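Undergrad: Sharing a structure, written as structure tokens. Questions coming.
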Amino acid sequence: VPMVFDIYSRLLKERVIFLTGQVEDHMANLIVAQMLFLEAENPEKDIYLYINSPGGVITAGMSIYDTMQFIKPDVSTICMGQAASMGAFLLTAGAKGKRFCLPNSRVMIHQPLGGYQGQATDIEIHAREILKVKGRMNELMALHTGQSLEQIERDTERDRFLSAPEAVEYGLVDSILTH
Amino acid sequence: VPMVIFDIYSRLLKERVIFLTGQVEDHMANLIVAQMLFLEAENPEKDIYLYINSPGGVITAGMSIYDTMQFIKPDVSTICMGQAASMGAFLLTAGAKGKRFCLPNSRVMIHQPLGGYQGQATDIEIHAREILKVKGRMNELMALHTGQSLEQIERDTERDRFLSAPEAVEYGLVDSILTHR
Amino acid sequence: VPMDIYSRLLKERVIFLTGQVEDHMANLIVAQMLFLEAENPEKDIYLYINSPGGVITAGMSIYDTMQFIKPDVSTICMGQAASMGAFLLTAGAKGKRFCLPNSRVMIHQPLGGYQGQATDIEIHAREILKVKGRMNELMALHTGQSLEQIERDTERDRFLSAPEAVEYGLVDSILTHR
Amino acid sequence: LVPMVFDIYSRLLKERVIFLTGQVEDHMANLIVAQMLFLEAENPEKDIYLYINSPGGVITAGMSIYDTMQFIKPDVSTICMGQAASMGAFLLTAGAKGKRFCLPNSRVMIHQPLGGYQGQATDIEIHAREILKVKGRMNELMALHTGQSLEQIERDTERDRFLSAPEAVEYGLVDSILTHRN
Amino acid sequence: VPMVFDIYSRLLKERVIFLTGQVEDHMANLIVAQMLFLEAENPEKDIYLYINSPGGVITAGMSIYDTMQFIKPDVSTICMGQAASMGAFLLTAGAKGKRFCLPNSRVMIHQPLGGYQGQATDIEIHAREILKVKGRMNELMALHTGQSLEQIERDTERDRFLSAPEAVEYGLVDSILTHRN
Amino acid sequence: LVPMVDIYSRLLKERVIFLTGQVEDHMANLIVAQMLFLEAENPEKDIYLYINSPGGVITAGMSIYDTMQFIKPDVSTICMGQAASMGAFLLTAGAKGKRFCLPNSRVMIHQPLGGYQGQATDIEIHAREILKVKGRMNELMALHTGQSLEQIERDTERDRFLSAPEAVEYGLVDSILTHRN
Amino acid sequence: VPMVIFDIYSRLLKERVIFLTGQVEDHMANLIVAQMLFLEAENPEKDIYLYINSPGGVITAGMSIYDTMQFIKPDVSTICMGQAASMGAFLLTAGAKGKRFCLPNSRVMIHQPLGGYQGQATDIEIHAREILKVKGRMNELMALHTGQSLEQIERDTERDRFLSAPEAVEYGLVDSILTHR
Amino acid sequence: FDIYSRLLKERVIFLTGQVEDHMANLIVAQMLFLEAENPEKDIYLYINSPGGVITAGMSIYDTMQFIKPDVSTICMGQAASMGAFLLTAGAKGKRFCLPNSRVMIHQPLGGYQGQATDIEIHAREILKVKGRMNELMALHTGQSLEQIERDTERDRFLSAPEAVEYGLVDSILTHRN
Amino acid sequence: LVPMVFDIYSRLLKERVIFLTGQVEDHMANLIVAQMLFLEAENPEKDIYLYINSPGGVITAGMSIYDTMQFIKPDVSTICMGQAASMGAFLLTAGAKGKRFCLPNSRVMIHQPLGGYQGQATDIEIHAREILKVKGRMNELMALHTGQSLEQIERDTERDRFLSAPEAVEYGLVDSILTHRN
Amino acid sequence: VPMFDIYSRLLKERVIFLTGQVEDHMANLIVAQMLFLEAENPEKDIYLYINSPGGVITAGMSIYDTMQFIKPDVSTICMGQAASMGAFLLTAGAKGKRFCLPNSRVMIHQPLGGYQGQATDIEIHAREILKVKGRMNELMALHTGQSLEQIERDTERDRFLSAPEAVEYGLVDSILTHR
Amino acid sequence: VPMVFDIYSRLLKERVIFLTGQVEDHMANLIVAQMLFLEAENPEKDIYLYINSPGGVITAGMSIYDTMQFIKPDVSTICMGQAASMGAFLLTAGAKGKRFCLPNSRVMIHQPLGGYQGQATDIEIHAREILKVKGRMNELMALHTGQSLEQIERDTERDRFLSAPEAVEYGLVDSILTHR
Ligand SMILES: *C(=O)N1CC=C1/C=C/C(=O)NC(=O)/C=C/C(C)=C/C=C/[C@@H](O)CC
């Protein structure tokens with residue numbers, strides 16, 4: 001926190017938000033607030049969301065996704081370091097043509113995780129829900145990547161790593177940032 | 001905690017935006033009550049905006065928010081982002097009619113009250129009676145805000161029941177879905 | 001264990017109920033009663049009781065065994081007999097229930113607790129009251145008190161001295177000396 | 001985090017509003033006393049508003065607030081939101097007669113004092129004797145503010161008892177229910 | 001503990017086995033060993049199984065059930081204290097005409113419980129298995145009690161207590177042992 | 001506590017061994033000792049191995065497997081309750097025609113589990129060994145069940161449950177033990 | 001507890017000096033990226049100075065700094081004080097050609113990547129293949145910045161190796177040694 | 001008597017689990033006992049172990065070589081680090097693996113905290129142990145010291161057939177008689 | 001509790017006073033390095049004053065300070081108050097010649113390096129060899145700044161060695177003792 | 001910490017508080033406050049309130065050497081208690097300006113310590129703590145006016161002194177009752 | 001554990017005692033009891049003490065030393081695995097000419113260890129005591145090994161390991177057992 005009002009605040013005045021670490025309700029709500037704030041200051045200028053995350057909660061990540069799609073400004077996504085699970089999902093949800101990976105970035109995709117304890121009836125309720133989510137997520141990933149739903153299904157059954165150039169060909173990102 | 005040129009949650013509080021985040025409990029809820037009472041004093045005519053992303057929490061804490069929402073003059077518009085479960089779903093539906101919203105991929109889970117007690121059998125009967133009264137009042141308010149019958153709310157809350165953003169408008173929990181600005 | 005010593009007294013038909021009452025120690029008490037019956041179904045059994053309470057179900061497995069087996073089960077309270085230990089004390093064969101001069105007895109209503117959904121909460125609270133009702137019935141049966149009196153005296157902890165227990169009806173007499 | 005405007009609670013304090021939230025204990029209660037003394041000094045005649053959402057707490061801590069409400073000239077209007085149990089229910093009814101309020105779905109719980117001690121039978125008698133006096137004064141003060149008899153307060157507090165907002169009006173703990181701002 | 005040698009061993013010479021506490025692989029394996037041992041001593045004389053259990057693992061309980069049904073001697077079941085989850089299953093799995101409750105016994109029945117963590121694919125695998133178990137347990141309940149399959153399901157969805165006389169009327173046991181002879 | 005008459009020892013004179021709980025080096029070494037002991041007393045009489053296990057270590061389980069195959073007497077395997085991971089493997093390793101399930105037994109098969117921390121060079125070494133182990137386990141499974149190696153690989157990639165009748169049709173077991181003689 | 005004047009690290013940021021201290025991880029690395037992006041905006045032409053005193057850390061986090069150094073226009077001069085091990089040593093040599101430095105008693109340590117995973121053998125193969133790709137790419141970039149052959153980087157990093165300040169010059173990790181100003 | 005003891009009267013010893021001072025002494029005592037009963041008949045040491053302390057394991061090794069009777073070693077399940085060492089120390093021609101037994105070998109492990117002077121002392125000793133340990137391996141397997149040095153620098157697994165080729169074991173047991 | 005004026009340590013930093021306190025480690029040492037670079041920027045002529053009260057710490061962390069002390073233009077004066085052990089005692093003697101000081105009842109303690117490692121024998125040899133190289137360079141630097149022979153520093157650091165304030169001026173660790181100001 | 005700070009507002013009055021056990025970090029700030037006050041005016045007295053149950057020897061001696069080195073006289077006031085190192089610094093105040101409050105308590109005892117290791121190392125550290133013990137007794141005798149042989153006999157075991165007992169023994173000059 | 005009856009007792013009927021693991025008051029008292037018992041059964045036949053120990057308390061170890069020297073039977077010592085600190089002391093305390101190492105046994109020697117918390121006065125008392133111990137242990141080591149007191153001092157100041165052959169030349173052991 002290089003005080004002056006730290007440094008992350010200086011770069012917020014330039015419309016740059018940092019998504020770092022595990023994604024969860026509180027850090028995600030903080031990202032939503034920043035995106036809503038930047039929209040209010042200027043709904044026409046793009047927003048820049050850097051992503052370096054190993055994954056996190058689905059609900060928390062989707063609160064960011066819906067905010068990215070809701071606000072008028074385009075949200076450009078930049079992956080530095082790694083973007084796994086929901087971090088990869090939000091990376092691909094950026095505005096078309098403005099999704100980027102750095103040359104030595106790293107991306108991992110897989111299916112949702114979950115768990116429940118209780119009576120068998122409750123187990124059925126919660127099991128059928130996480131599958132509904134899996135279908136919702138594969139559909140959305142297929143939409144943003146251009147792959148078919150069936151392809152997303154086969155590649156997310158188990159963890160799958162993609163390099164920065166592999167991430168462009170598969171369709172999660174548009175190009176690689178250089179210079 | 002990013003700051004402008006003075007904190008971000010405070011800056012959005014000037015635009016009349018309140019965030020209900022995380023587990024619901026007496027202190028975070030009392031903070032929501034304070035923001036609602038504050039916004040009312042500065043301008044009773046204008047709407048209030050309550051974002052809800054919560055997996056549930058205490059009933060007593062949530063009802064301090066509910067009664068404050070209905071008591072203050074300004075309408076409180078409720079916006080569900082991420083998820084709104086248990087009391088988070090209840091407060092979502094308590095927003096002003098026509099101003100309840102879900103985001104396209106939001107989620108809302110509903111169930112009956114939870115509780116527990118240890119002690120003498122006489123004391124157990126007292127608390128078992130009260131928790132059943134709580135369950136009754138919540139279903140009544142749930143039926144009132146959704147337009148559903150009391151018997152349907154009873155049927156659907158006995159066990160956990162997840163609901164999608166469009167399913168929440170059908171069931172009556174919310175009025176519409178926010179899709180792009 | 002001086003050894004075995006509890007077994008040497010088992011051949012004299014002496015069973016010891018000691019400590020908290022729970023499924024495992026109670027099952028051992030039931031096994032000894034079944035064993036002593038097999039040895040001689042006509043002779044009395046002697047159950048010393050020194051317990052601060054315990055589980056009802058575990059205690060009722062002992063109660064049901066005493067009533068089922070042919071031999072009369074004489075009960076002797078030494079030290080103290082509280083909650084479920086007091087229940088089994090008074091369940092002894094009429095006329096063969098005893099307290100020692102400085103024994104103590106405590107009675108109260110059942111304890112319990114549960115977590116879960118309101119529907120499930122309602123089921124278990126309705127069951128513990130059924131249990132509370134039955135014990136009060138059995139308490140009234142063995143002591144001779146009215147069901148209304150057992151209710152009033154068990155709503156809160158009540159202590160009874162050895163002579164107070166003979167007047168209340170929990171026990172028949174006091175063992176002083178041989 | 002607490003939003004800014006100074007704190008959020010600090011501006012509603014300028015509006016003569018104090019918030020009693022959570023367990024009541026020496027420190028949070030002492031803070032409530034400090035706010036009350038501050039508002040009295042600013043203007044002794046204007047009312048003070050005390051919102052109450054508490055599941056109970058220490059008796060001694062609660063009585064430092066009670067005596068402060070009774071001591072200062074300004075009337076202390078009490079508002080129950082969420083719940084007001086054990087010590088929270090006591091301070092609710094100690095508000096200025098005519099200015100005690102519940103919200104429509106508030107819940108109030110009353111019960112007798114609780115305690116505990118380890119030590120000498122001699123010391124046990126001393127502490128068991130004090131807690132019974134506290135129970136006595138607590139019941140008397142409750143009877144005073146509610147209009148109920150001392151004999152009635154004793155019976156209803158022997159075991160936990162829940163009261164709805166309208167039930168709290170009829171029993172006398174609170175004067176009316178606030179539903180919509182006039 | 002009382003080495004008469006060992007009291008539970010002396011009672012085994014009389015064909016009496018004790019199922020006590022939580023049912024699990026190890027305590028259940030001992031019961032199977034006792035049943036197989038008693039069968040070898042005399043395949044004709046009955047075996048007596050006392051049951052005081054608050055529940056346990058199904059798989060462990062089913063190893064006892066299949067052994068009870070497989071061996072030639074009839075296995076009479078006696079409920080003392082309480083018989084919940086698997087304890088109620090093994091109680092009613094005793095020989096038709098030889099299942100007993102004590103006057104103040106208590107029986108509780110409910111559906112299976114479980115839990116799993118992992119990938120959604122794995123969750124679907126395990127969640128489908130526990131539902132298969134639920135189906136077979138309810139089927140076995142209908143067989144041994146005489147109740148319909150539809151009835152066992154409706155009564156086991158949530159915890160259901162049965163008194164000793166109630167367990168006789170329902171078909172869980174046949175009679176109540178009160179005072180020998 | 002163990003009912004004496006020991007009970008597992010009195011059944012050891014009947015050539016009955018019990019494999020119970022998680023399989024590991026110490027309990028498995030004891031199973032080898034009982035098999036070697038029974039072989040010495042009579043290399044022509046069959047051995048009876050009851051299996052009720054949720055899985056365990058591979059090496060420990062394979063010490064039992066190689067012992068079962070080495071001794072002269074046939075080792076008949078009986079699954080009661082459940083037979084998961086390595087427990088299911090040893091079930092199918094029983095002597096041809098002498099593998100049994102009880103009517104309500106449950107069999108579970110899956111691929112090997114493992115994990116390692118260290119330098120990348122060491123990671124490759126252990127990742128390669130578990131892949132060799134995985135390959136050998138599928139080969140042995142295919143040999144004893146009659147299924148193809150391709151089929152075993154499909155069926156073990158993720159947890160798969162088989163009922164007693166599903167285990168006979170698959171080749172894990174030869175028949176089901178229902179009643180005696 | 002940094003000493004104020006701004007703060008000490010900020011007053012030193014106005015001179016284009018960034019500090020990489022302690023273990024490398026997502027958060028401490030992200031702040032370094034923010035500082036580099038900020039300094040680029042203040043002046044894309046003036047060099048940036050990165051002091052490095054680290055015993056290692058996460059690769060992914062370290063590569064976010066590497067990619068940022070290569071992405072921004074200004075040259076990033078790296079200074080090693082104390083020690084620079086694992087990813088700290090990688091970023092040390094990723095500095096601008098001609099502007100990488102060690103202090104007289106600095107120490108550099110290089111070794112291959114470390115890692116670990118638990119799960120199914122199939123998942124094990126996936127993650128083991130990935131850490132080896134990372135090992136390959138890291139070795140490739142190291143050979144690039146040092147001028148050494150890939151075989152040499154592979155052969156010297158299989159095990160921990162320490163380099164003194166002068167040794168780091170003749171190896172290619174650093175360009176020269178800073179002694180007196 | 002007991003099952004492990006009942007098999008001891010037939011000269012069968014079980015080395016199971018981690019190797020450590022106390023379990024190893026039981027192995028040493030049984031070998032001395034057996035020797036006293038009959039110094040000619042062979043002794044049978046089954047091995048299923050993931051490793052353990054060197055000194056404790058070497059107390060077994062020196063006892064096997066010291067006692068008159070031949071000590072036959074049989075690996076069931078797995079025989080790693082020192083367990084692999086003792087497997088190979090069995091009497092020549094009477095060392096055995098089961099068809100699906102596994103074997104893992106690696107160099108010694110250790111650690112110490114203290115002054116630099118003391119660190120040098122203990123680091124010099126573990127390298128002396130490593131030398132003697134590799135020497136003994138070359139003697140019993142027939143491999144060259146250079147080969148043992150290359151193959152133990154990092155963990156190395158050997159299957160039952162690989163263990164007969166490498167020289168750790170003499171043959172593979174499949175069926176009795 | 002961080003006295004204010006402004007802060008107190010910030011007020012003395014403007015006077016070119018740096019405090020080395022407690023255990024030496026990467027972060028507290030990095031903070032000391034930053035202050036030295038800052039003071040150099042303000043005026044590369046004036047001297048810097050480093051008070052030392054430490055029981056030791058990591059060598060790499062201490063050497064980041066040492067190399068900074070020698071690299072920057074201004075002289076770094078060292079003052080030992082309380083104690084200066086292992087890494088504290090070296091930084092003390094590494095101060096600018098003629099400006100190294102002990103207070104009258106200060107204490108200096110020196111010894112050889114401590115360390116440890118777990119792993120394969122091959123890895124043990126690498127780390128055992130390296131720590132012996134560090135010990136060598138430390139004795140080399142210690143001998144250079146004190147004026148003692150390398151063999152003497154070796155014989156005196158093999159085991160713990162305590163030195164009083166007057167013992168430290170003769171041994172060569174410090175130049176003189178400050179008893180009273182001016 | 002009411003109000004800008006209260007300890008900072010009394011620092012303008014040249015009042016320093018030594019509270020709690022003495023250790024390297026809390027002692028460093030007292031040194032910093034003394035050095036700061038010296039710079040502000042080397043001629044006005046400094047006021048050191050002492051309420052401490054003891055602490056580390058080295059940490060306490062950094063304060064002692066600072067008290068004696070700076071030009072201004074350091075007046076010491078004992079309130080509550082002054083035990084081990086707290087008692088030593090109390091008596092180290094400028095002669096004639098050491099004070100006790102009427103019901104303050106002073107406790108003195110010999111140094112405490114401990115070590116694990118080789119016998120040779122045991123001799124070194126036991127030899128050193130006895131040197132520390134030797135100095136501390138010398139300085140106490142120097143500041144109190146007592147004989148060295150007396151300080152030794154009286155510090156071998158815990159010795160409590162009342163405020164009036166402290167004036168006869170020499171630790172302090174007078175007692176501040178009222179004013 | 002293998003009830004032959006029992007295995008360690010079966011070998012106690014061959015006058016064989018096992019000193020295994022850490023040396024401490026209770027395991028040492030058990031060793032003392034066996035030595036006193038064997039003396040009672042036959043004061044003439046040698047006793048055989050196998051030693052595999054990484055060290056332990058000095059006083060506990062010296063209770064064994066004084067018993068070996070007090071009883072009439074000679075105590076032959078066998079080092080298997082390792083014999084460190086007090087284990088090495090008792091190894092060499094065996095009857096001269098009857099001390100043995102196995103081919104790959106390991107002996108480690110060093111000076112005493114200790115520690116104390118308290119007042120400086122008490123610190124000196126316990127420090128003077130451990131040094132008196134240190135001086136007394138070195139004396140006996142010199143007596144049993146044939147080395148000089150100065151050599152024992154120099155060589156125990158720091159950990160020093162000795163192989164089986166190194167132990168015969170230093171005087172710790174008489175010969176190496178290899179076959180029978
Ligand atoms: C000198 O210190 N160095 C050269 C090699 C070293 C190693 C130092 C080392 O391990 N230092 C520590 O971690 C020391 C920690 C201590 C002594 C902490 C003391 C804390 C106080 O609270 C004790 C009263």
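For the structure tokens, the naming scheme is as follows: chains receive sequential letters (A, B, ...) according to their order of presentation, residues are indexed from 1 within each chain, and ligands are indexed from 1 in presentation order.
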Around ligand 1, which protein and nucleic acid residues have at least one atom no more than 6 Å from it, if we count only C-alpha atoms and all ligand atoms? List them as a list in words.
TA: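 What falls inside 6 Å of ligand 1 is residues 55, 56, 57, 58, 59, 86, 87, 113 and 114 of chain I.
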Undergrad: Counting only C-alpha atoms, a student should be able to say which residues of chain G come within 12 Å of chain I; what is the right answer, written as a count of residues only?
TA: 56
Undergrad: Identify all chain F residues at most 12 Å from chain G by counting only C-alpha atoms; ligands do not count. Present them as a PyMOL selection string.
TA: chain F and resi 110-135+153-154+156-159
Undergrad: For the residues selected in the previous step, produce a file with C-alpha atoms as a PDB file, in the first residue's frame.
TA:
```pdb
ATOM      1  CA  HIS F 110     -12.231 -46.911  -9.258  1.00  0.00           C
ATOM      2  CA  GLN F 111      -8.749 -46.018 -10.469  1.00  0.00           C
ATOM      3  CA  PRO F 112      -5.749 -45.642  -8.147  1.00  0.00           C
ATOM      4  CA  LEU F 113      -5.296 -42.585  -5.949  1.00  0.00           C
ATOM      5  CA  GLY F 114      -2.071 -40.880  -4.983  1.00  0.00           C
ATOM      6  CA  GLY F 115      -0.150 -37.668  -4.526  1.00  0.00           C
ATOM      7  CA  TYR F 116       3.380 -36.324  -4.135  1.00  0.00           C
ATOM      8  CA  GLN F 117       5.285 -33.132  -3.353  1.00  0.00           C
ATOM      9  CA  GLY F 118       8.844 -32.328  -4.361  1.00  0.00           C
ATOM     10  CA  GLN F 119      11.030 -31.329  -7.263  1.00  0.00           C
ATOM     11  CA  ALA F 120       9.684 -31.732 -10.787  1.00  0.00           C
ATOM     12  CA  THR F 121      12.187 -34.526 -11.435  1.00  0.00           C
ATOM     13  CA  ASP F 122      10.888 -36.496  -8.445  1.00  0.00           C
ATOM     14  CA  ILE F 123       7.287 -35.689  -9.414  1.00  0.00           C
ATOM     15  CA  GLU F 124       7.746 -37.391 -12.786  1.00  0.00           C
ATOM     16  CA  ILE F 125       9.180 -40.496 -11.111  1.00  0.00           C
ATOM     17  CA  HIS F 126       6.200 -41.005  -8.800  1.00  0.00           C
ATOM     18  CA  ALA F 127       3.634 -39.918 -11.382  1.00  0.00           C
ATOM     19  CA  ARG F 128       5.087 -42.570 -13.697  1.00  0.00           C
ATOM     20  CA  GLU F 129       4.979 -45.311 -11.056  1.00  0.00           C
ATOM     21  CA  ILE F 130       1.305 -44.811 -10.175  1.00  0.00           C
ATOM     22  CA  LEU F 131       0.564 -44.995 -13.905  1.00  0.00           C
ATOM     23  CA  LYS F 132       2.404 -48.319 -14.026  1.00  0.00           C
ATOM     24  CA  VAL F 133       0.458 -49.444 -10.950  1.00  0.00           C
ATOM     25  CA  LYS F 134      -2.788 -48.298 -12.573  1.00  0.00           C
ATOM     26  CA  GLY F 135      -1.899 -50.278 -15.683  1.00  0.00           C
ATOM     27  CA  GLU F 153     -10.348 -48.661 -18.050  1.00  0.00           C
ATOM     28  CA  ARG F 154     -13.670 -47.048 -18.964  1.00  0.00           C
ATOM     29  CA  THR F 156     -12.528 -47.335 -13.404  1.00  0.00           C
ATOM     30  CA  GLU F 157     -11.847 -43.760 -14.578  1.00  0.00           C
ATOM     31  CA  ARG F 158     -14.528 -42.630 -12.110  1.00  0.00           C
ATOM     32  CA  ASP F 159     -16.286 -44.328  -9.214  1.00  0.00           C
TER      33      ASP F 159
END
```
Undergrad: Could you give me the residues within chain C that DSSP places in strand (DSSP E), as an MDAnalysis selection string?
TA: chainID C and resid 14:18 45:51 73:81 97:99 104:107 111:117 158:161 173:174
Undergrad: Would you export the selected residues with C-alpha atoms as a JSON list (two decimals), in the first residue's frame, please?
TA:
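Okay, this is what ended up in again13.json:
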```
[["chain", "number", "residue", "atom", "x", "y", "z"],
["C", 14, "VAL", "CA", -24.52, -57.92, 43.51],
["C", 15, "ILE", "CA", -24.55, -55.46, 40.59],
["C", 16, "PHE", "CA", -23.08, -51.95, 40.75],
["C", 17, "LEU", "CA", -24.54, -49.03, 38.79],
["C", 18, "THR", "CA", -21.84, -46.35, 38.98],
["C", 45, "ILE", "CA", -30.78, -59.37, 42.76],
["C", 46, "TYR", "CA", -29.03, -56.50, 44.54],
["C", 47, "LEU", "CA", -28.39, -53.31, 42.55],
["C", 48, "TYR", "CA", -26.26, -50.63, 44.20],
["C", 49, "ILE", "CA", -26.84, -47.22, 42.61],
["C", 50, "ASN", "CA", -24.43, -44.25, 42.73],
["C", 51, "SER", "CA", -25.01, -42.09, 39.65],
["C", 73, "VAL", "CA", -34.40, -56.54, 41.84],
["C", 74, "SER", "CA", -33.67, -54.86, 45.18],
["C", 75, "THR", "CA", -32.17, -51.37, 44.86],
["C", 76, "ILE", "CA", -29.75, -49.74, 47.31],
["C", 77, "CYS", "CA", -28.75, -46.08, 46.96],
["C", 78, "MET", "CA", -25.26, -45.19, 48.20],
["C", 79, "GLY", "CA", -23.73, -41.75, 47.81],
["C", 80, "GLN", "CA", -26.30, -40.20, 45.49],
["C", 81, "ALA", "CA", -28.90, -41.22, 42.91],
["C", 97, "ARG", "CA", -35.92, -50.39, 47.65],
["C", 98, "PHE", "CA", -33.44, -48.84, 50.07],
["C", 99, "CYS", "CA", -31.47, -45.69, 50.85],
["C", 104, "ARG", "CA", -29.01, -38.13, 48.41],
["C", 105, "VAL", "CA", -31.63, -38.23, 45.65],
["C", 106, "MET", "CA", -32.33, -35.63, 42.98],
["C", 107, "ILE", "CA", -35.28, -35.60, 40.59],
["C", 111, "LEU", "CA", -33.24, -32.76, 29.21],
["C", 112, "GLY", "CA", -32.68, -32.67, 25.47],
["C", 113, "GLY", "CA", -31.89, -30.64, 22.41],
["C", 114, "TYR", "CA", -31.97, -30.62, 18.61],
["C", 115, "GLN", "CA", -30.80, -28.66, 15.58],
["C", 116, "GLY", "CA", -32.45, -28.56, 12.18],
["C", 117, "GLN", "CA", -35.46, -27.40, 10.21],
["C", 158, "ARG", "CA", -35.46, -31.17, 43.83],
["C", 159, "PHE", "CA", -33.14, -32.82, 46.35],
["C", 160, "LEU", "CA", -34.39, -35.40, 48.83],
["C", 161, "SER", "CA", -32.53, -36.71, 51.87],
["C", 173, "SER", "CA", -36.83, -47.84, 54.21],
["C", 174, "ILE", "CA", -33.26, -46.98, 55.25]]
```
Undergrad: Write out as a count of residues only the set of residues from chain B that DSSP, computed on the backbone, places in alpha helix (DSSP H).
TA: 86
Undergrad: What is the distance, in Å and to one decimal place, between CA of residue 28 (chain E) and CA of residue 47 (chain F)?
TA: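 These two atoms are separated by 21.6 Å.
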Undergrad: Just the residues within 8 Å of residue 118 (chain J), please, counting only C-alpha atoms, with nothing from its chain fewer than 2 positions along; format it as a VMD selection string.
TA: (chain J and resid 116 120 to 122) or (chain K and resid 111 to 114)
Undergrad: Given the selection you just returned, output its residues as a file containing C-alpha atoms, formatted as a PDB file, in the first residue's frame.
TA:
```pdb
ATOM      1  CA  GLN J 116      20.336 -25.106  26.761  1.00  0.00           C
ATOM      2  CA  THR J 120      31.209 -25.721  27.335  1.00  0.00           C
ATOM      3  CA  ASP J 121      28.527 -23.309  26.108  1.00  0.00           C
ATOM      4  CA  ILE J 122      26.860 -23.544  29.527  1.00  0.00           C
TER       5      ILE J 122
ATOM      6  CA  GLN K 111      30.323 -33.948  25.988  1.00  0.00           C
ATOM      7  CA  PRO K 112      27.366 -33.616  28.379  1.00  0.00           C
ATOM      8  CA  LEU K 113      24.296 -31.532  27.572  1.00  0.00           C
ATOM      9  CA  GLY K 114      22.159 -29.587  29.995  1.00  0.00           C
TER      10      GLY K 114
END
```
Undergrad: Should the cut-off be 6 Å, what would the residue list for chain E against chain C look like, counting only C-alpha atoms, as a compact mmCIF listing (two decimals) with N, CA, C and O atoms, in the first residue's frame?
TA:
```
# COMPACT_ATOMS: atom_id res chain seq x y z
N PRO E 2 -16.55 -57.93 33.64
CA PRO E 2 -16.57 -58.93 34.72
C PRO E 2 -16.21 -60.32 34.21
O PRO E 2 -17.01 -60.97 33.53
N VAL E 4 -16.25 -63.67 34.70
CA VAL E 4 -16.90 -64.71 35.50
C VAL E 4 -16.01 -65.95 35.55
O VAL E 4 -16.20 -66.89 34.77
N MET E 80 -34.40 -53.13 23.31
CA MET E 80 -34.38 -52.57 24.66
C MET E 80 -33.77 -51.18 24.59
O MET E 80 -32.74 -50.98 23.94
N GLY E 81 -34.41 -50.22 25.25
CA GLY E 81 -33.96 -48.84 25.19
C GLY E 81 -34.47 -48.12 23.97
O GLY E 81 -35.53 -47.48 24.01
N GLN E 82 -33.73 -48.20 22.87
CA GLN E 82 -34.16 -47.59 21.62
C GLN E 82 -33.57 -48.37 20.46
O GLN E 82 -32.58 -49.10 20.61
N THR E 178 -43.18 -58.37 28.06
CA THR E 178 -43.43 -57.63 29.29
C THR E 178 -42.97 -58.32 30.57
O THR E 178 -42.33 -57.68 31.41
N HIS E 179 -43.27 -59.62 30.75
CA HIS E 179 -43.03 -60.22 32.06
C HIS E 179 -42.66 -61.70 32.00
O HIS E 179 -42.92 -62.43 32.97
N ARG E 180 -42.05 -62.15 30.91
CA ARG E 180 -41.59 -63.53 30.82
C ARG E 180 -42.70 -64.50 31.21
O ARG E 180 -43.78 -64.47 30.61
```
